[PDB]
Amino acid sequence: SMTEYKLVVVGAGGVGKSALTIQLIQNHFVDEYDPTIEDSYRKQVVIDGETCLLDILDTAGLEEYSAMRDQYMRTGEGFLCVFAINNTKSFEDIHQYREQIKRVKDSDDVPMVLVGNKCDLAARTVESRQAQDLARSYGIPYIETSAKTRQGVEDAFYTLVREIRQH
Amino acid sequence: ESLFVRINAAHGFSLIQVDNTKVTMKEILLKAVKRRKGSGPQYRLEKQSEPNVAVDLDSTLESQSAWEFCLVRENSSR
Ligand SMILES: Nc1nc2c(ncn2[C@@H]2O[C@H](COP(=O)(O)OP(=O)(O)NP(=O)(O)O)[C@@H](O)[C@H]2O)c(=O)[nH]1
Ligand SMILES: [Mg+2]
């Protein structure tokens, strides 16, 4: 009945895409690592006083499933591009996701948020200023999250919905 | 790419990795429930092409001749 938003969570293996999604959907932290092939979760939420349906697609970071990107990139209406603050390679990998979204959408115009996850951990190897500068180079917001503490989780997903609403 | 089955549930779908087709339907159900529901409501699996019939959870994936199933609460319908 209501408006549905197809949000897609992308990023390298192990950065916490599934944990972020389950913390949003079920208010629960998944401690174990079970690598994703693909999973979707639908939930009714209120954002800025307006009810809507989130359809969140949790995608594979493992390169063996990279062929599926084309499909979900075409129909995704907003993207969380997730890296982990203790994993510099996951930060380097962000650009590859953006470029594939460009090949199938013919632009990067799509709403996107750069998400630096695992900010509850003490040891960081991606500098905050480096992530802020990357997001600025893309013209998108940067949000620091922890799927463990729920810090920033609603802000990350709700920012996408706000950006879609304001097109 | 590993083999996997598609499980359609009340609030989305899950792709469940399987090592081979000798896995039982019970194992697949348990994995699908744990991921989508977490930690007693009971569930069945149905072949996509055969609504309202529970698959035998003791049978193998290979015996189903199907790669897509619906996860349904036992007191409900797809
Ligand atoms: N401390 C901490 N651990 C986290 C956080 N998010 C995820 N993790 C942990 O990191 C591991 C990988 O998380 P998961 O969400 O499965 O990663 P993924 O990005 O979905 N991996 P894949 O692409 O293979 O599906 C898990 O052990 C999970 O508990 C976080 O914010 N903080
Ligand atoms: Mg995952």
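In each ligand, atom 1 is the first atom listed, and ligand 1 is the first ligand listed. Lettering follows sequence order; numbering is per chain, from 1. FYI, side chains are in, hydrogens and waters are out, and symmetry mates aren't considered; it's all heavy atoms of this structure.
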Problem - Pairs involving residues 50-65 of chain A, ordered by first then second residue, that meet salt bridge (charged side-chain N to carboxylate O under 4.0 Å, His left out) (sequence neighbours left out) - result: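 Residue pairs with at least one partner in residues 50-65 of chain A: A:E50-A:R165.
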Problem - Inter- and intrachain pairs under salt bridge (charged side-chain N to carboxylate O under 4.0 Å, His left out), touching residues 70-79 of chain A, at least two apart - result: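 Every pair satisfying salt bridge (charged side-chain N to carboxylate O under 4.0 Å, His left out) with a residue in residues 70-79 of chain A: there are none.
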Practice task
Have a look at ligand 1 and work out which part of A:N117, if any, has a heavy atom under 4.0 Å from it: side chain, backbone, both or neither.
Solution key: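 Near ligand 1, A:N117 shows its side chain, while the N, CA, C and O stay back.
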Using a 4.0 Å cutoff against the non-hydrogen atoms of [X], which atoms of ligand 1 qualify?
{"X": "A:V30", "answer": "28 (C), 29 (O)"}
{"X": "A:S18", "answer": "15 (O), 20 (O)"}
{"X": "A:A147", "answer": "6 (N), 30 (C), 31 (O)"}
{"X": "A:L121", "answer": "1 (N)"}
{"X": "A:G13", "answer": "23 (O)"}
{"X": "A:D120", "answer": "1 (N), 2 (C), 30 (C), 31 (O), 32 (N)"}
{"X": "A:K148", "answer": "1 (N), 30 (C), 31 (O), 32 (N)"}

Exercise for the section: Could you name the option among A:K17, A:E63, A:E38, A:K118 that has the heavy atom nearest to atom 8 (N) of ligand 1? Expected result: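 Looking at heavy atoms only, A:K118 sits closest to atom 8 (N) of ligand 1.
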Handout entry: Options A:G152, A:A60, A:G116, A:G16, ranked by nearest heavy atom to atom 13 (O) of ligand 1, top entry
Key =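 Comparing heavy atoms across A:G152, A:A60, A:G116, A:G16, the nearest one to atom 13 (O) of ligand 1 lies in A:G16.
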Practice task
Only counting residues at least two apart or in another chain, list the ones meeting ring pair (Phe, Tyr, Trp, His ring centres under 6.0 Å) with A:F83.
Solution key: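 Result, ring pair (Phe, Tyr, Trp, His ring centres under 6.0 Å) vs A:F83: A:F91.
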Practice task
Verify whether one side chain among B:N52 and B:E46 offers a donor that lies under 3.5 Å from an acceptor in the other.
Solution key: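 Distance-only check fails for B:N52 and B:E46.
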Practice task
Determine whether the side chains of B:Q17 and B:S2 contain a donor N or O and an acceptor N or O closer than 3.5 Å.
Solution key: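 There is such a pair (donor and acceptor under 3.5 Å, judged by atom type) between the side chains of B:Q17 and B:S2.
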Handout entry: same_hphob_cluster(A:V82, A:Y142) at 4.5 Å side-chain heavy-atom cutoff
Key =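 Not linked; separate clusters.
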Exercise for the section: Give a yes/no verdict on a cation-pi contact between B:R6 and B:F69, requiring under 6.0 Å between NZ or CZ and the six-membered ring centre and an angle within 45° of the axis. Expected result: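 No, cation not above the ring by the 6.0 Å, 45° rule.
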Exercise for the section: Using distance alone, decide if ligand 1 has a nitrogen or oxygen within less than 3.5 Å of any nitrogen or oxygen in A:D34. Expected result: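 Not met; the criterion fails.
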Exercise for the section: Identify which protein N/O/S atoms are less than 2.8 Å from the Mg ion (ligand 2). Expected result: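 Listed by chain and number: A:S18 OG, A:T36 OG1.
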Practice task
Give the ring-plane orientation class for B:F4 versus A:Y65, where under 30° counts as parallel, over 60° as perpendicular and anything between as tilted.
Solution key: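 Answer is perpendicular, since the angle exceeds 60°.
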Problem - From CA spacing to verdict: side chain to side chain contact (heavy atoms under 4.5 Å, CB included), A:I56, A:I25 - result: CA-CA 9 Å; A:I56 300 171; A:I25 292 315; 3.7 Å; yes
